[PDB]
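Everything below concerns the one structure shown next.
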Ligand SMILES: CCOC(=O)n1ccc2ccc(C(=O)Nc3cc(C(=O)NC4CC4)ccc3C)cc21
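In this note's numbering, the protein residues as written are 337 to 674.
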């Protein structure tokens with residue numbers, strides 16, 4: 337039986353949700369719609385509810401809506417956000433215009449927990465191990481975040497973490513330089529770069545690359561990692577592209593031990609492996625988990641990978657109505673987790 341729904345205005349938008357979700361409180365806007373904290377009267381737990389913004393307005397919005405719902409329905413890991421529920425106030429495909437997604441709230445994001453504090457080495461080990469374990473899983477399904485930052489990390493009172501907003505792509509401080517140089521031949525280690533920026537900041541209490549704009553962001557990144565070496569310059573196919581980066585003023589690579597003074601030598605070594613300018617030489621999520629830095633947390637028998645994920649829809653050029661219908665079927669066939 338279809339639950340009883342109720343209307344409420346929040347941030348100049350109507351929210352129509354089942355009666356099971358009580359006390360909606362706005363927590364901000366997060367990936368193509370706003371998010372409310374709510375109390376789930378069925379479980380007694382606190383949930384995050386997202387109302388997608390104009391999900392079937394255009395073709396881009398309709399495909400993005402399908403992409404997100406398909407991703408959420410597949411993702412089943414401790415350090416990756418999962419779907420608790422998906423609903424629409426619509427009674428038919430014809431009336432179907434709104435999509436709401438329900439996940440765990442955890443408590444807060446990584447920014448409100450760290451709040452620019454210099455964290456202890458063991459605390460950093462726990463936080464980074466969790467992000468990496470989550471990324472290993474996401475990456476094994478051929479899914480990348482491409483915009484990982486502290487605000488996409490939902491964290492518990494016990495510092496248990498879940499990654500949010502992966503597979504869909506604000507601050508540019510955690511962005512891989514290859515994305516900003518628009519190399520468009522990049523791999524899964526764009527996420528590893530972001531992990532490196534986060535880890536350095538948790539260790540030092542300061543943003544590693546706090547650029548003021550697009551130009552300044554690259555300038556700051558190249559000051560630490562250096563201008564591209566001979567090996568990386570040979571890999572640039574377009575001469576216009578090779579002429580652009582080799583005009584950003586030469587910079588030698590800094591020794592990280594002379595930058596992160598007093599830090600655990602194993603933390604310095606892992607940062608060297610995470611913040612390599614050449615994406616082909618940058619460490620993977622799986623390799624990073626096996627690094628000596630995580631010796632206390634690493635368990636090769638409890639670092640699972642994802643089941644095969646069918647994302648052939650990505651190559652398809654369909655009409656709004658076809659993406660809408662495909663999304664509707666995914667809503668009605670949703671099985672809540674145990
Ligand atoms: C926006 C500000 O939010 C906060 O400050 N937050 C603090 C804790 C917290 C927990 C969850 C959320 C949140 O956005 N949840 C969510 C994620 C996805 C998601 O990750 N989707 C992509 C495809 C994988 C889809 C649906 C929801 C409900 C926000 C949260």
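Idealized CB from N, CA, C, for every residue including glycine.
Same chain, Cβ closer than 6 angstroms to residue i, five either side skipped, listed in chain order
| i | result |
| --- | --- |
| residue 618 | 525, 528, 612 |
| residue 377 | 356, 358 |
| residue 289 | Since the displayed the chain opens at 337 and closes at 674, residue 289 lies outside it and no answer follows. |
Close beta carbons around residue i, own chain, < 7 angstroms, minus the five adjacent residues each side
| i | result |
| --- | --- |
| residue 510 | 484, 485, 530, 533, 534 |
| residue 462 | 495, 633 |
| residue 537 | 543, 544 |
| residue 443 | 491, 492, 493 |
| residue 593 | 604 |
Bridge partner(s) assigned by DSSP for residue i
| i | result |
| --- | --- |
| residue 376 | 357, 381 |
| residue 499 | 416, 489 |
| residue 444 | 491 |
| residue 439 | 384 |
| residue 349 | 346 |
| residue 362 | 372 |
| residue 421 | 438 |
| residue 341 | 354 |
Cut-off 8 angstroms between Cβ atoms - residues of its own chain near residue i, not counting five sequence neighbours on either side
| i | result |
| --- | --- |
| residue 539 | 454, 455, 457, 460, 596, 599, 603 |
| residue 672 | 420, 421 |
Cβ neighbour criterion (16 or more within 10 Å) applied to residue i
| i | result |
| --- | --- |
| residue 392 | buried |
| residue 503 | buried |
| residue 548 | exposed |
| residue 423 | buried |
| residue 302 | One cannot answer for residue 302 here, as it falls past the ends of the chain, which runs 337 to 674. |
| residue 364 | exposed |
| residue 553 | buried |
| residue 410 | buried |
| residue 367 | buried |
| residue 580 | exposed |
| residue 479 | buried |
C-beta neighbour in chain B for residue i, strict 7 angstroms
| i | result |
| --- | --- |
| residue 381 | Here there is only one protein chain, and chain B is not present. |
Meets three-Cβ-pair contact criterion under 8 angstroms: the segment 372 to 386 and the segment 408 to 416 | no
Are the segment 492 to 511 and the segment 465 to 474 in contact at 8 angstroms, needing three or more beta carbon pairs?
-> yes
Can you find at least 3 beta carbon pairs, one from the segment 386 to 400 and one from the segment 425 to 435, that sit closer than 8 angstroms?
-> yes
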